[PDB]
>>> print(open('query.txt').read())   # compact mmCIF, C-alpha atoms
# COMPACT_ATOMS: atom_id res chain seq x y z
CA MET A 1 52.72 148.81 -58.95
CA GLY A 2 49.15 150.07 -59.94
CA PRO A 3 46.72 150.03 -62.97
CA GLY A 4 48.81 152.43 -65.14
CA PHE A 5 51.81 150.11 -64.80
CA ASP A 6 49.43 147.16 -65.53
CA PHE A 7 48.37 148.66 -68.92
CA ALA A 8 52.02 149.67 -69.75
CA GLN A 9 53.28 146.11 -69.00
CA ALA A 10 50.52 144.54 -71.18
CA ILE A 11 51.69 146.72 -74.13
CA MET A 12 55.42 146.04 -73.54
CA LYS A 13 54.99 142.23 -73.18
CA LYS A 14 53.13 141.77 -76.53
CA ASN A 15 53.60 144.92 -78.71
CA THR A 16 57.36 145.80 -78.50
CA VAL A 17 60.55 144.59 -80.19
CA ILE A 18 64.13 145.79 -79.88
CA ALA A 19 65.02 147.59 -83.14
CA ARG A 20 68.67 148.25 -84.11
CA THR A 21 69.76 150.65 -86.89
CA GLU A 22 73.24 152.19 -87.55
CA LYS A 23 72.10 155.04 -85.20
CA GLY A 24 71.50 152.71 -82.15
CA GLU A 25 69.11 150.37 -80.33
CA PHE A 26 65.47 151.63 -79.91
CA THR A 27 62.27 150.47 -78.22
CA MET A 28 59.93 149.84 -81.21
CA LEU A 29 56.12 149.70 -80.84
CA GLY A 30 54.26 147.21 -83.06
CA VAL A 31 50.75 148.57 -83.86
CA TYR A 32 49.04 145.90 -86.12
CA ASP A 33 49.97 143.27 -88.76
CA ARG A 34 53.73 143.84 -89.54
CA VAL A 35 53.48 147.68 -88.99
CA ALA A 36 55.57 149.33 -86.26
CA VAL A 37 56.78 152.85 -85.34
CA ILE A 38 60.19 154.29 -84.42
CA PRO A 39 61.60 157.84 -84.07
CA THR A 40 62.57 159.28 -87.49
CA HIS A 41 66.12 160.04 -86.15
CA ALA A 42 66.71 156.21 -86.03
CA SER A 43 67.30 156.61 -89.86
CA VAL A 44 65.63 153.28 -90.86
CA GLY A 45 67.12 151.84 -94.09
CA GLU A 46 66.40 148.81 -96.32
CA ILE A 47 67.51 146.35 -93.52
CA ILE A 48 66.92 146.63 -89.73
CA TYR A 49 67.67 144.20 -86.83
CA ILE A 50 64.51 143.12 -84.87
CA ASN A 51 65.42 141.24 -81.61
CA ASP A 52 68.92 140.72 -83.22
CA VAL A 53 67.49 139.13 -86.42
CA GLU A 54 68.26 140.64 -89.86
CA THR A 55 64.89 141.87 -91.24
CA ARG A 56 64.04 143.45 -94.62
CA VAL A 57 62.10 146.74 -94.48
CA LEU A 58 59.11 146.48 -96.90
CA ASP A 59 58.21 150.21 -96.46
CA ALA A 60 59.32 153.15 -94.28
CA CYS A 61 57.48 156.53 -94.21
CA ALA A 62 58.76 159.53 -92.20
CA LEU A 63 55.50 161.35 -91.31
CA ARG A 64 55.07 165.14 -91.74
CA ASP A 65 51.94 167.25 -91.11
CA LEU A 66 50.06 168.98 -93.95
CA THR A 67 52.24 172.12 -93.35
CA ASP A 68 55.24 169.83 -94.39
CA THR A 69 56.52 170.01 -90.72
CA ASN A 70 58.41 167.01 -89.20
CA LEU A 71 56.31 164.76 -86.83
CA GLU A 72 59.39 162.58 -85.82
CA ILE A 73 57.38 159.32 -86.38
CA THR A 74 58.54 156.78 -89.00
CA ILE A 75 56.01 153.99 -89.81
CA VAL A 76 57.89 150.78 -90.76
CA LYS A 77 56.42 147.66 -92.41
CA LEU A 78 58.71 144.70 -91.49
CA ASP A 79 59.26 141.49 -93.56
CA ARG A 80 58.54 139.45 -90.39
CA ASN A 81 56.88 135.99 -90.21
CA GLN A 82 54.54 137.01 -87.33
CA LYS A 83 51.87 139.75 -86.81
CA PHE A 84 51.52 142.10 -83.81
CA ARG A 85 48.39 142.10 -81.66
CA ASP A 86 46.19 144.86 -83.18
CA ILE A 87 46.27 147.78 -80.64
CA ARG A 88 44.84 150.51 -82.95
CA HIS A 89 41.72 150.76 -80.70
CA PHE A 90 44.02 152.11 -77.88
CA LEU A 91 45.21 155.08 -80.04
CA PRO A 92 43.70 158.54 -79.43
CA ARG A 93 41.74 160.14 -82.27
CA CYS A 94 42.70 163.79 -81.44
CA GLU A 95 45.53 165.91 -79.96
CA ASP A 96 45.07 166.13 -76.16
CA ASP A 97 46.63 166.56 -72.70
CA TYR A 98 46.73 163.59 -70.26
CA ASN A 99 47.08 162.80 -66.56
CA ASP A 100 49.28 160.17 -64.90
CA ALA A 101 51.24 158.67 -67.85
CA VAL A 102 53.94 155.95 -67.84
CA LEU A 103 57.01 155.86 -70.13
CA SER A 104 58.13 152.23 -70.79
CA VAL A 105 61.50 151.20 -72.37
CA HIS A 106 62.91 147.81 -73.29
CA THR A 107 66.49 147.61 -74.68
CA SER A 108 69.82 145.84 -73.87
CA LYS A 109 70.82 149.03 -71.84
CA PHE A 110 67.39 149.41 -70.08
CA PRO A 111 65.36 146.14 -69.84
CA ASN A 112 61.89 146.16 -68.22
CA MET A 113 62.11 149.92 -67.43
CA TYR A 114 58.89 151.79 -66.38
CA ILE A 115 58.74 155.51 -65.35
CA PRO A 116 55.71 157.35 -63.87
CA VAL A 117 56.11 160.73 -65.66
CA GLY A 118 52.89 162.39 -64.32
CA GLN A 119 50.99 165.06 -66.27
CA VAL A 120 51.49 165.22 -70.07
CA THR A 121 51.03 168.63 -71.83
CA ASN A 122 50.04 169.09 -75.50
CA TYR A 123 53.22 171.18 -76.02
CA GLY A 124 52.84 171.50 -79.82
CA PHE A 125 55.90 173.07 -81.50
CA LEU A 126 59.43 171.97 -80.50
CA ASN A 127 62.80 172.72 -82.11
CA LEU A 128 64.02 169.12 -81.73
CA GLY A 129 67.80 168.85 -82.38
CA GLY A 130 67.48 171.88 -84.74
CA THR A 131 64.44 170.42 -86.58
CA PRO A 132 61.04 172.23 -86.26
CA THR A 133 58.64 169.48 -85.03
CA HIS A 134 54.83 169.49 -84.38
CA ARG A 135 52.41 167.43 -82.19
CA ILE A 136 54.88 167.16 -79.28
CA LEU A 137 53.77 165.93 -75.82
CA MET A 138 55.83 167.10 -72.80
CA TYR A 139 56.37 165.55 -69.33
CA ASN A 140 58.45 167.00 -66.49
CA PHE A 141 60.80 164.00 -66.12
CA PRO A 142 64.59 164.30 -66.76
CA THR A 143 64.70 161.63 -69.54
CA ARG A 144 68.16 160.54 -70.88
CA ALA A 145 69.59 159.04 -74.12
CA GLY A 146 68.69 155.33 -74.61
CA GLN A 147 64.93 155.99 -73.96
CA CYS A 148 64.04 156.92 -77.61
CA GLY A 149 61.08 154.91 -78.96
CA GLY A 150 59.88 154.39 -75.36
CA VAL A 151 56.09 153.97 -75.21
CA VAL A 152 53.95 156.62 -73.45
CA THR A 153 50.66 155.22 -72.06
CA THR A 154 47.78 156.06 -69.79
CA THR A 155 45.22 153.46 -68.58
CA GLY A 156 43.58 152.30 -71.82
CA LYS A 157 45.55 154.61 -74.21
CA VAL A 158 48.85 154.41 -76.15
CA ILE A 159 49.49 158.16 -76.69
CA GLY A 160 53.07 158.64 -78.01
CA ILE A 161 56.71 157.53 -78.44
CA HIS A 162 59.63 159.27 -76.65
CA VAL A 163 61.79 161.33 -79.14
CA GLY A 164 63.91 163.67 -76.92
CA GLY A 165 64.58 165.75 -73.79
CA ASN A 166 66.33 168.94 -72.51
CA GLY A 167 67.69 167.45 -69.22
CA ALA A 168 64.60 168.50 -67.11
CA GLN A 169 61.70 167.69 -69.56
CA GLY A 170 60.99 164.76 -71.90
CA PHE A 171 59.22 164.96 -75.24
CA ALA A 172 57.11 162.41 -77.14
CA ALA A 173 55.65 162.42 -80.68
CA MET A 174 51.87 161.87 -80.61
CA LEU A 175 50.33 158.68 -81.95
CA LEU A 176 46.95 159.25 -83.62
CA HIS A 177 44.51 156.58 -84.91
CA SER A 178 44.50 158.34 -88.35
CA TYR A 179 48.20 157.44 -88.96
CA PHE A 180 47.24 153.66 -89.16
CA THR A 181 44.03 153.43 -91.27
CA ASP A 182 44.45 150.71 -94.05
>>> encode(input="query.txt", output="structure tokens")
Amino acid sequence: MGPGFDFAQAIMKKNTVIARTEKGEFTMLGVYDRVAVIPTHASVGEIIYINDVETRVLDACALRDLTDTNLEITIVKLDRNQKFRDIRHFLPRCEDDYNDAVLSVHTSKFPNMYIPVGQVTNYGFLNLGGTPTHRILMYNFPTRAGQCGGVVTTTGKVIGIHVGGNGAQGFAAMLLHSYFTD
């Protein structure tokens, strides 16, 4: 509908796959080469389905901060025959607050879904499903189940992936450029 939705669509159309684990179907962001991200509660194993194709997992790393606190991001390297467009230059370098974000989801349950969530707060600490979690972004949109792995964007920045909600607010794990140096 406007330039935020433009940037969100450009990311969804080239840098997402549908990931399936034993814990469900998730929006999965591809970042560069065969490297993607997914919420850690997806419980990635040795095999994952990518657009309904059986795919070996070459590596999976559940990120934690240097206090050994959960960040809810798992970085997955896929045994796929095709690379993602490199979008690392759209990742923020530091923790921040944002205006006018979009949450974008693509699954069997919610295809081509885009949500203007408005202002995004650097919330910080969240007890997420009983697990102390850091680097959480918050938006005042009543997000539901099925949206996990959804991509949070502003114009020109890919800032997080949706990991939870409390019925009135939604929560995303930050994406930082420093997670994807090689």
>>> closest_residue(input="query.txt", among="A:147, A:167, A:114, A:107", to="residue 7 (chain A)", atoms="all atoms listed in the file")
A:114
>>> closest_residue(input="query.txt", among="A:55, A:133, A:153, A:16", to="residue 71 (chain A)", atoms="only C-alpha atoms")
A:133
>>> atom_distance(input="query.txt", atom1="CA of residue 85 (chain A)", atom2="CA of residue 102 (chain A)")
20.3 Å
>>> residues_near_point(input="query.txt", point="(58.6, 162.8, -87.0)", cutoff="12 Å", atoms="all atoms listed in the file", output="NGL selection string")
:A and (37-43 or 61-65 or 68-75 or 125-129 or 131-136 or 149 or 160-164 or 171-175 or 179)
>>> atom_distance(input="query.txt", atom1="CA of residue 156 (chain A)", atom2="CA of residue 33 (chain A)")
20.2 Å
>>> closest_residue(input="query.txt", among="A:120, A:18, A:152, A:50", to="residue 82 (chain A)", atoms="all atoms listed in the file")
A:50
>>> decode(input="query.txt", residues="region 111-135 of chain A", atoms="C-alpha atoms", output="short mmCIF file (atom, residue, chain, number, x, y, z; two decimals), in the first residue's frame")
data_model
loop_
_atom_site.label_atom_id
_atom_site.label_comp_id
_atom_site.auth_asym_id
_atom_site.auth_seq_id
_atom_site.Cartn_x
_atom_site.Cartn_y
_atom_site.Cartn_z
CA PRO A 111 0.03 -16.68 2.73
CA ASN A 112 1.08 -13.17 1.61
CA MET A 113 0.22 -11.66 5.05
CA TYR A 114 1.48 -8.09 5.88
CA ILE A 115 0.68 -6.17 9.14
CA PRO A 116 1.50 -2.49 9.88
CA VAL A 117 2.48 -2.81 13.59
CA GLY A 118 3.53 0.86 14.14
CA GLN A 119 6.17 1.88 16.70
CA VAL A 120 8.70 -0.76 17.83
CA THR A 121 10.23 -0.44 21.37
CA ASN A 122 13.63 -1.83 22.42
CA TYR A 123 11.89 -3.79 25.22
CA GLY A 124 14.99 -5.75 26.32
CA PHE A 125 14.22 -8.50 28.85
CA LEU A 126 11.18 -10.79 28.36
CA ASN A 127 10.18 -13.98 30.18
CA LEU A 128 9.20 -15.76 26.95
CA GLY A 129 7.23 -18.98 27.67
CA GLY A 130 9.13 -19.25 31.01
CA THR A 131 12.55 -18.63 29.38
CA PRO A 132 14.48 -15.41 30.27
CA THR A 133 15.20 -13.78 26.86
CA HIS A 134 17.20 -10.63 25.88
CA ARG A 135 17.20 -8.17 22.90
#
